[PDB]
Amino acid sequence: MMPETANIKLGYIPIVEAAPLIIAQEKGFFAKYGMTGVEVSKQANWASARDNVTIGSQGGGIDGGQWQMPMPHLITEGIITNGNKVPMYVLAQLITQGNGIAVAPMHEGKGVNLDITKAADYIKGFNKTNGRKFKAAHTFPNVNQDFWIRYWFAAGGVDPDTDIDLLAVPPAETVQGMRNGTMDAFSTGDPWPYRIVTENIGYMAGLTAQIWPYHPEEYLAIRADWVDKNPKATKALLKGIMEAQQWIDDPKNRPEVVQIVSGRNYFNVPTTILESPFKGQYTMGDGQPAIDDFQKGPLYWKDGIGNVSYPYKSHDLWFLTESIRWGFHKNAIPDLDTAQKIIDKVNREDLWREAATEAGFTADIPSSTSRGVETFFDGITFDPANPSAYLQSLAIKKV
C-alpha cells in the first residue's frame, strides 16, 4: 500500500513519552512500511510544539507529533491558538505512566505523599507559617501534567487554584527553584524524577502510575489536512509506531531503547538517568519504600488493563471532562455534549483499528471505544457513560 508520500515532520519533547517516535525511526519500523522520509524533530517546549503544528511543515513547522491531551482538540477548535483553528486527528496513545509529582525536601515528614489529606492544612496555611503560598509547577497549562498534580492536590483537600500558586514554568527553571528552596512541588516525568532524587533536590510524592494506574497519557496526533490527503501514509506511520511500541515493551530491547533515546542527537543525556525507570525502578524518598515493578514504569504497547496504543474515546472524554472540572475554556467547551462532539471530530480510533488489521495485529484490537469504568487511587470512579456523575462526586471543582 504505497504511501502517497514517504515524508512527514513529527515533533517530540525529550522525555520518555517520545520513545515510539524515535524508535520507529531509528530501528527502521517507519521505513519497513515505506515511510523513509520521517523527520523526528525536537521541539523547544510545548508552546513551540503548538505553534509549529499550527504553521505545518510547509511553513517551516511540523505536520504533527507527540502531544499532551487535549492539545489536539484545543488546537482543532482554535482555543489555544488565538482562534486559529487547525483540525487535528488523534491517532494513537504513545505511552502510559512515566510521570510523577516531585516535592521539595523541606516538606519531608509532613505527610505530603500520595494521599496528602493529613497535610492539607499545612499546605493551605503555608503563607502564614512559612512566608509564601505553597508553590507548584507544570510546564504547560490545561493538559496532562497540570491535570495530574491538580487531581493529586484536590484529592487531598487542597484547591489547586485558590489554596496554592500553581504556575506554568520551564522544567530546568523549576528544578533550579526546588534546589533554591523557592519551589515546593513539580508535576513532571522521566527522566526528571531520577535526577531530582539522586541529586537530593527533592523526593517523589507519587507516580501517576499510583494516582491512576495505566492512565491515558501522551498521544500521536497529525493535522487533519495532512491525514485526509495522505490516508495510506498515515496508516503506514501507525504500523511503524505499533511495531516500535511492541519492540520497546520487550525487556530484552530496553537497554538499546535507552541507549538510542539518550543519544546526542535525541535526548542527549547520560543513559544512567533512564536505565532505572525503564525497569520500573524508582527511589521515592521521604522514608517511603522504593518501587521496583516493571508494571509501574512506562509502558508502550500493553498494560494491566488493555492495549496502550489504541486511543480509547473514553479517555478523550476524561480529558475534556476534567477540563470542564477546572472551568477551563468556559465558552468553548460549555458542556459535555460539546466535548463529545469535539472528540468525535478529533479521535480517529477507526484508523488505528484499520492499520492494526492491515498489519496483522487483529488480536490486539480492543473490542470497544471505551475502556470502561476508570478507578483513581482515592476511590473516585469515572464511568464514561456518565461523566456528570463523575464530576458531581468530586469534592473540589469549578462547576
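Quick note: we count residues from 1 along the sequence shown, nothing fancier.
Q: Comparing 196 to 204 with 221 to 229, where is the mean C-alpha B-factor higher?
A: Stretch with the greater average CA B-factor: 196 to 204.
Q: Looking at the deposited entry, does 49 to 57 or 65 to 73 carry the larger mean Cα B-factor?
A: Higher mean C-alpha B-factor: 49 to 57.
Q: Could you tell me which one of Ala339, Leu351, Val373, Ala363 shows the highest CA temperature factor in the PDB record?
A: In the PDB entry, the greatest C-alpha B-factor among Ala339, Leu351, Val373, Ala363 is found at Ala363.
Q: Per the coordinate record, which of the options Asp249, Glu243, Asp316, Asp121 holds the highest CA temperature factor?
A: The record points to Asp121.
Q: When the deposited Cα B-factors of this chain's modelled residues are ordered and cut into thirds, is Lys133 in the lowest, the middle or the highest one?
A: Highest third - that is where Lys133 ends up once the chain's C-alpha B-factors are sorted.
Q: Lowest, middle or highest third: where is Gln93 by C-alpha B factor in its chain?
A: Lowest third - that is where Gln93 ends up once the chain's C-alpha B-factors are sorted.
Q: Sorting the chain's CA B-factors, does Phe126 end up in the lowest, middle or highest third?
A: Highest third, going by the recorded CA B-factors of the chain.
Q: Going by the recorded CA B-factors, say which third of the chain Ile273 sits in, lowest, middle or highest.
A: For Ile273, the deposited C-alpha B-factor lands in the highest third.
Q: Ranking the modelled residues of this chain by C-alpha B-factor as given in the entry, is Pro216 in the lowest, middle or highest third?
A: Within its chain, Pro216 is a lowest-third residue by C-alpha B-factor, going by the deposited values.
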